[PDB]
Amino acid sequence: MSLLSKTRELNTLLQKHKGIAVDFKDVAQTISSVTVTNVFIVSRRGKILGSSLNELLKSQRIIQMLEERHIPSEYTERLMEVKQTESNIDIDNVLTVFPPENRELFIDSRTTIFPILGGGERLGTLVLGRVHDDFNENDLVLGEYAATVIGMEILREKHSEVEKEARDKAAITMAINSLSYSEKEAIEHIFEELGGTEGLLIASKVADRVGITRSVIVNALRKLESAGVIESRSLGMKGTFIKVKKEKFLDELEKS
């Protein structure tokens, strides 16, 4: 099986995965097939995001490591020292992925470490190990496709979660500014009587006890409703039902 067929095999997993997310465990399996290696996709903090082992599964430490979803904290930082792709690493090296204890079974073992880069920084590490054979250039080509692609699926993940928080801050800010002076004070006193995420209270009485017009309170709520900060429904004599959908709202209110 030629390199083209191996690259074609890997590139097919990505071109046909439904959705946008790519399962790194699926990737780990594919990387093992076309190269016959034990695969480890670890984070910058060592969290195991993918794995496709066989010979290593035969070690006690490795089993307890897969359950921890982590790797030796000390060995995690040593992978950070590899800034370029270092291949063909024997068992007599510190960067070997195989247990130095069971050296007899892994005497001819060779280890290669690919760094995962994205957006201009370090994102993870892709460690591949073999029991005897060595790594050639055709293997480093396949491994660098993975690191470059994994870093892209991580760069998207980190970026998408930043966009989410950035929108919530805008939604809260977009709402806090649309409030009037009397409407900010109204919202402060309501969330006080409400106490929790959702509840039921009589807005009118809260308006009378505090000395704020009743329509000023209805006005503030409808603005927060428009901004997606809360959901509200009327219950007539029972009162007004409120369900906060953005918790950080109040915290940013007094801050204003």
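Numbering starts at 1 and runs along the sequence shown.
The question of which stretch, 140-148 or 69-77, has the higher mean Cα B factor is settled in favour of 69-77. Remark: stretch with higher mean C-alpha B factor among 35-43 and 190-198 is 35-43. The top Cα temperature factor in the record, among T173, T125, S182, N93, falls on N93.
For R222, the recorded CA B-factor ranks within the lowest third of the chain. Only modelled residues enter the ranking.
Looking at the C-alpha B-factors along this chain, the one for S178 belongs to the lowest third. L235 sits in the lowest third of its chain by CA B factor, as recorded in the PDB entry.
Ranked within its chain, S215 lands in the lowest third, by CA B factor from the PDB record. The entry lists a Cα temperature factor for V244 that places it in the lowest third of the chain's modelled residues.
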